[PDB]
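Tertiary structure, described
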Amino acid sequence: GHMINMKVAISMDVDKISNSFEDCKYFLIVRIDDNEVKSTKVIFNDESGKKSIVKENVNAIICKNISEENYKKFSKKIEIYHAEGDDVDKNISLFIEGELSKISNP
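- Structure determination for this PDB entry was carried out by solution NMR, as recorded in the header.

Here it is as structure tokens:
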């Protein structure tokens, strides 16, 4: 029954989900404010990018994969989820409901 004030980082290549967090080209910052996406952002993935994610106060990350080291960094307040597709919009809807599997075995 709805949701308010979500913030995610989705690991993008150029036009869909990147292979892994370590190989994204940018992060799409999704904004959800009543079970629907009311705006978006692009943080390119070159160092200064990842810094901003810390201060964004993200709710969760979505990716197909992560490196072990970066997991151990980010898994200290932000819920890391598995992608279930290449269709970002399917992965957004699944995340809204919490149907995506939380990666606890990278």
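**Concerning the pattern of salt bridges**
- By the definition in use, this model includes six salt bridges.
- Note that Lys7 is salt-bridged to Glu56, the shortest N-O span being 2.7 Å. Taken together, the positions of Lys7 in strand β1 (residues 6–12) and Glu56 in helix α1 (residues 48–56) put the pair 49 residues apart, joining distant regions of the chain.
- Classification of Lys7 as buried rests on a relative accessible area of 18%.
- Here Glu56 falls in the partly exposed class, since its relative accessible area comes to 28%.
- Across the pair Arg31 and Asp33 runs a salt bridge, and its minimum N-O distance is 3.4 Å.
- Through salt bridges with shared partners, one network takes in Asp13, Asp23 and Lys25.

**Looking at the layout of surface pockets**
- Empty space within the largest pocket amounts to approximately 400 Å³.
- Considering the residues around the largest pocket, the lining is formed by 14 residues, among which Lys50, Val54, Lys73, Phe74 and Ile78 are closest to the centre.
- A breakdown of the residues in the lining of the largest pocket according to their chemical character gives five nonpolar, two polar and seven charged.

**A word on the nonpolar core**
- Grouped together as the largest cluster of nonpolar side chains are 19 residues, with contacts concentrated most on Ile10, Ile62 and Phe95.
- Looking at this core, the elements with two or more residues in it are β1, β2 (26–32), β4 (60–63) and α3 (88–97).
- Of all the elements, α3 adds the most residues to this core, at five residues.
- Those residues in contact with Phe95 that sit more than four places away from it in its chain are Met6, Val8, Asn59, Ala60, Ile62, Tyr81 and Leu100.
- Counting residues in each nonpolar core, the second largest holds 16 residues, with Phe27, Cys63, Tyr71 and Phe74 among its members.

**A closer look at the sheet that holds strand β3 (residues 37–44)**
- Strands sit in the order β3-β2-β1-β4-β5 across an open sheet of five strands; the sheet is mixed. Only two strands of the sheet have a single neighbouring strand rather than two, namely β3 and β5 (79–82). On average, each strand axis in the sheet is tilted by 25° relative to the strand beside it, whichever way the strands run.
- Both β2 and β3 contribute to a ladder of seven bridges, which runs antiparallel. For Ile32, the partnering residue across the bridge sits in β3 and is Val37.
- Sitting on the sheet, α1 is in contact with β1, β2 and β3, with an inclination near 145° to β3.

What counts and what doesn't
Residues numbered from 1 in each chain as written, not as in the entry; some residues may be left out. Heavy atoms only, no water. Salt bridge = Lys/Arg side-chain N within 4 Å of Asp/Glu carboxyl O. Helix = DSSP H or I, 4+ residues; strand = E, 2+ residues; numbered from the N terminus. Buried < 20%, exposed > 50% of the residue type's maximum accessible area, 1.4 Å probe, protein only. 1 Å grid on protein atoms, 1.4 Å probe; cavity = no way out; pocket = protein on both sides within 12 Å on 5 of 7 lines; lining within 4 Å. Points joined across faces, edges and corners; volume = space filled by probe spheres on them. Nonpolar A, V, L, I, M, F, W, Y, C, P; charged D, E, K, R; others polar. Core = buried A, V, L, I, M, F, W, Y, C linked by side-chain atoms within 4.5 Å. Contact = heavy atoms within 4.5 Å. Pairing = 2+ DSSP bridges. Axes fitted to C-alpha atoms, helices over the stretch in contact; angles between N-to-C directions.

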